[PDB]
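Working notes, structure below.
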Amino acid sequence: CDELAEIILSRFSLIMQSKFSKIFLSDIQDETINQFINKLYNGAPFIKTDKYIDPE
Amino acid sequence: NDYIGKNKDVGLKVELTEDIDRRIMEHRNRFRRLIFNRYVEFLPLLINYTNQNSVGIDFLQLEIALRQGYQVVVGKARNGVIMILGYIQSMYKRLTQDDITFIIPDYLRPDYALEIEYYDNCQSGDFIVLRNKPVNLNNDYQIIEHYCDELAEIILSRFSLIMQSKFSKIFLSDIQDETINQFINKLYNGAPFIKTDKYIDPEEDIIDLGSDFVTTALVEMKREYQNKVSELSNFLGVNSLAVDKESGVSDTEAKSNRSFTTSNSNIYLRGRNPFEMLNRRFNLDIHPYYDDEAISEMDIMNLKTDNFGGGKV
Amino acid sequence: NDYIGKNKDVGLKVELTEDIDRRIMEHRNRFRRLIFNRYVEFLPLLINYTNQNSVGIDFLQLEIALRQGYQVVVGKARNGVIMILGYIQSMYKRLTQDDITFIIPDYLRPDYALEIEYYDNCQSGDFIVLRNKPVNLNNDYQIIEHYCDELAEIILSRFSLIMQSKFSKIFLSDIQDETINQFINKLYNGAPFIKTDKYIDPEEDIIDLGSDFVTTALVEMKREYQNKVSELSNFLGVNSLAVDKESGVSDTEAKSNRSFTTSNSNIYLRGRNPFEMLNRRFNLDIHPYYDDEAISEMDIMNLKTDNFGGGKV
Amino acid sequence: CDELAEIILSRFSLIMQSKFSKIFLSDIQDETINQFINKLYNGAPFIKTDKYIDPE
Amino acid sequence: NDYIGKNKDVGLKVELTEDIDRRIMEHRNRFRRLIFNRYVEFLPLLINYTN
Amino acid sequence: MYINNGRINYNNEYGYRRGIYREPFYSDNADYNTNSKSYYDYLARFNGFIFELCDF
Amino acid sequence: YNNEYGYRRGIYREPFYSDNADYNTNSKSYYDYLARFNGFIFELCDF
Amino acid sequence: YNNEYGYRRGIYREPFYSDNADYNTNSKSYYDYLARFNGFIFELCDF
Amino acid sequence: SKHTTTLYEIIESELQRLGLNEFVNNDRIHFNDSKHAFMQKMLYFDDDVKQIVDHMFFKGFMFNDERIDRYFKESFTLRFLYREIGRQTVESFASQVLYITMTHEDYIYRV
Amino acid sequence: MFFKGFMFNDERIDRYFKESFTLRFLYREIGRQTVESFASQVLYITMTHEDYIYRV
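See the structure below:
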């Protein structure tokens, strides 16, 4: 049970650690991001922006 | 000339991108509503009862009433025929027929009816009280609402990938270089050999624009869509465990838990347990079972041909 | 010499690109209309009934009327032969034949008919009332519209790939260099060995235009097209579960769910439940069943050869 | 149930996050994008532009 | 024309990101409650008796 | 768009009419499902007023 | 005129002579031009 | 006019003339502007 | 202007505050005057438009040289005539513009 | 219309520059919808590249 407890400690820590997110980098109050997220979350096959947002 | 709708003073319209975005959102909402409603219709039809010709119960109304949560009563009426009496209201001493809120015409109402009880080996009584589940801690419609949210989001992603995935061939040149129009005319029709000059540069001035997600995004999303539909069915009583056992699929092969979905189906089968009391009082054989199969023309032919069942994955 | 249609003063035509784009758009719209109308076309024929020779009932009109939403009345007329009496144009104590909105001729109108009810064990009555679905929360024709929109988008993408994917070989040289014409003539005909000089090197002056999407996009789009037509069929009653059980295709092998498509078919089979009331009243064996099979010459010969069915996946 | 609840947080956060869109980079009011998207979304086997907007 | 619910003076709403995060959190809590209650629901029915 | 007591004023009525069917968006009548047709049809709102103003 | 046999939609264009036209529209978009035109309609009524 | 025969939600806009407007909102955002407006409503009552 | 206002809208609003009218003018109505219209005025960078810009965007920041100031602010207001301000309000956008101007004042002077 | 009230000091420079501009784009469709937005962009480009145009 000592060997089983350690594995569960590692297995549970991996569950809580494994959480994914999408991170947008921009100026701290650039209201384009909020508009961009609103389009992206909903359906948006095509989004038009400028060169300065640099999606890649 | 060409046809367009009669002029209706509507004002200016938003561009095509906004139209497409609203169409995708409306498609997602419509799909969520459709699937929730369809599961609501499918729910009452899951459990079916054998030997329906024995008594005049009209089992479909019974199942519908049970699924909406009523405490339905079935028993013998003044005719002497077993039928759905009125539902019991409010309260969960033997019920002396004054507690039934009858729904039958007035002449078919027993003057003296007693609930069949497990004391006395169910050998005396008149009616039976049925409940949807033996112990109920969940609103079954909340489970459907829980997973339709997850199904709506996947469809929103799956439909957005369909509208996004459109390919085109793009020619780069001067804005009115009439060579391109000639070049496209040859290329679209049959043209094994086309002769041009060095300045058109086919390797880099002609660029193919693709979805970039057709290979992986479309395939992986349907896999996750079918997972969510699988989890919704297993959570409720919906199952295909009879066929799964014959085919030989496994828990690892088919991403589901047989033991979990088996017990969920038992929740409603054991809810119809009071039918054993009816089977014991009057000599009848009414046993609930899961309506696994919708009979088919091939199934009817297969039974006659004796070539029925089988198939190993 | 050549033939050309008589001069029609239509004006000036737009270029090939605009004509091709309009043709693709009309093709997409035409496909959407065709598939929606085809599904509406073969919707009534999904369910079929056995022992049609027992009663003069005209099952085809019955199914069409049920699908359109009517509440068809089936019962015995003055001739004494079971048929389709008129529908009921009212929302849903015994129906007394006054509520029936007759469509049969005058001489077939019963003077006194009573609905068969589950009281008295369906042993008395003259007619029954059928409805398309037991619980009716969703519009079937809307489900077809929801998926025909997703199928129409794929055909736009699939057809745009066929038109785009045209291959040709381009020769780069001087705009009137006659060495190209002699080169193409030799190359197109048989020419194992061609002799030129260094100023036209095939490594760079001869390039090829390719779709760049034939390897992947044509396969993936069709695979996604087959999913939506499969998702649409499973959502409705359309299924092939009788064959799938014999072959042994698993839940993950064919990207679909069995429990979902089984219960969907059960909505319409259980909708024809009142036909059980006819059997008890007049001794008859009429049971609905999904029409899973179209009779073939091979099948008729397979019956006599005794070799029917089999196989595995 | 505590370990199953953490997974659903991670599984559902992946469904909401995983939304695909195609971004066009150009000038903020360049009308060539609107004509491009309209052609691309509808059927358009062949599109003609110039070098100043390269799809690569 | 368009339909919108009757004006309710609720105040100012937080942005889409906060709403989505709260929705995900409530979804997780709801699933935990549902599965725990379902296991408690079908626990009594595991064992059955003959005759 | 009417002359009352010898004075002409243009009032913009906003009578609301709602149709049951959504616009098909796939019929051949809606060519390209673009914006321009709306702009073309907007200016027809002023035809009656223009004629009455010319007469006045 | 517009005589024809086939029913290909919206591919035939007709040339015409535009004797006069004023492109001086004092707005940044067609929407703002139409708004300015509504204002001008009101003030023309007043005038 | 707003006559419609096909219903699509929220894609049609109508121009209008904005005779007057004041964009000089001494606040860093709409939220703080509304807070300032509450304060100003109390001050205006007193005045 | 689908999200926030454009520079043209703010300048037009301030010009309307000043009391100017583009149509009726001096008892003769012109739809597109080409002299008093708000457009063809912010493009020629009239004195009123320069005062408005100096009041709102570059809050009281003026280069010593007159021609440098005029050309720099004309370029700024011409480049972003129809663009929408990034921030929620015009004060935050004005503060950002003023900061960027002050930080690069030496490069502007030399260039 | 396009270079709204903008003239270079020299007559020859101004004439040659503006005529080369109106020749290179004689048959090109106009960007940015309305004329005035395009005129503003052209004026911005000219005022920005004044020194280079003058010396070239």
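Protein chains in written order, with our numbering: chain A, 65 to 120; chain B, 58 to 370; chain C, 58 to 370; chain D, 65 to 120; chain E, 11 to 61; chain F, -3 to 52; chain G, 5 to 51; chain H, 5 to 51; chain I, 14 to 124; chain J, 47 to 102.
Yeah, the Cβ is synthetic: ideal placement off N, Cα and C, and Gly gets one too.
For residue i, name the three-state secondary structure that DSSP assigns.
| i | result |
| --- | --- |
| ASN25(F) | coil |
| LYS133(B) | strand |
| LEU171(B) | coil |
| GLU51(E) | helix |
| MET140(B) | strand |
| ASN314(B) | coil |
| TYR347(B) | strand |
| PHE110(D) | strand |
| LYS70(B) | strand |
| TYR(-2)(F) | strand |
Within the 8 Å Cβ cut-off, does residue i reach chain D?
| i | result |
| --- | --- |
| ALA69(A) | no |
Can you find a C-beta in chain I that's less than 8 Å from the C-beta of residue i?
| i | result |
| --- | --- |
| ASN42(G) | no |
| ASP23(H) | yes |
Using the Cα positions of residue i and residue j, report the straight-line distance between them to the nearest angstrom.
| i | j | result |
| --- | --- | --- |
| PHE84(J) | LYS285(B) | 52 Å |
| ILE46(F) | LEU266(C) | 56 Å |
| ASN296(C) | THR318(C) | 7 Å |
| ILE212(B) | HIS203(C) | 12 Å |
| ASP78(C) | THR113(D) | 16 Å |
| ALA311(B) | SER34(F) | 53 Å |
| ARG151(B) | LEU103(B) | 32 Å |
| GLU18(G) | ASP66(C) | 10 Å |
| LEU275(B) | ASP97(J) | 54 Å |
| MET75(I) | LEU69(B) | 42 Å |
| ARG89(B) | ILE200(C) | 12 Å |
| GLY132(B) | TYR164(C) | 42 Å |
| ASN336(B) | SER316(B) | 29 Å |
| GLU72(B) | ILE92(A) | 30 Å |
Does chain F have any CB closer than 8 Å to the CB of residue i?
| i | result |
| --- | --- |
| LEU91(B) | no |
Compare the C-beta of residue i with all C-beta atoms of chain H and state if any pair is closer than 8 Å.
| i | result |
| --- | --- |
| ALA39(G) | yes |
| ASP66(B) | yes |
Pull the bridge partners of residue i from the DSSP assignment, please.
| i | result |
| --- | --- |
| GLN128(B) | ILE145(B) |
| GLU97(I) | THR19(I) |
| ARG13(F) | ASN7(H) |
| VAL276(C) | Paired residue(s): none; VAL276(C) is not in a bridge. |
| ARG215(B) | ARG215(B) is not bridged to any residue. |
| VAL186(C) | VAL130(C) |
| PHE228(C) | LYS252(B) and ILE263(C) |
| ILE157(B) | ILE145(B) |
Compare the C-beta of residue i against all C-beta atoms of chain G and say whether one is closer than 8 Å.
| i | result |
| --- | --- |
| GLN53(I) | yes |
At the 8 Å Cβ level, is residue i part of the contact set with chain E, yes or no?
| i | result |
| --- | --- |
| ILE87(D) | no |
| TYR116(A) | no |
| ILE101(A) | yes |
So is residue i in contact with chain A if we call contact Cβ pairs under 8 Å?
| i | result |
| --- | --- |
| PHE216(B) | yes |
| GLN81(D) | yes |
Nearest chain B C-beta to residue i closer than 8 Å, yes or no?
| i | result |
| --- | --- |
| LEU55(E) | yes |
| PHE110(A) | yes |
| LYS63(C) | no |
What distance in whole Å lies between the Cβ atoms of residue j and residue i, which are believed to be in contact at a cut-off of 8 Å?
| i | j | result |
| --- | --- | --- |
| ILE352(C) | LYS190(C) | That pair is no contact at about 28 Å. |
| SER23(F) | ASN86(C) | 6 Å |
| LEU293(B) | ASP197(B) | 7 Å |
| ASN17(E) | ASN6(H) | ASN17(E) to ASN6(H), Cβ: 21 Å. No contact. |
| residue 371(C) | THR273(B) | Any property of residue 371(C) remains undetermined from this structure, which presents chain C solely from 58 to 370. |
At a cut-off of 7 Å, is residue i close to the ligand FAD when judged by its beta-carbon and the heavy atoms of the ligand?
| i | result |
| --- | --- |
| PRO167(C) | Absence of the ligand FAD from the depicted structure is noted, as is the absence of any ligand whatsoever, leaving it without description. |
(request) Output, in sequence order along the chain, the residues in the segment 82 to 94 of chain I whose CB is closer than 7 Å to any CB in chain K. (result) The structure shown has no chain K; the protein chains it does contain are A, B, C, D, E, F, G, H, I and J.
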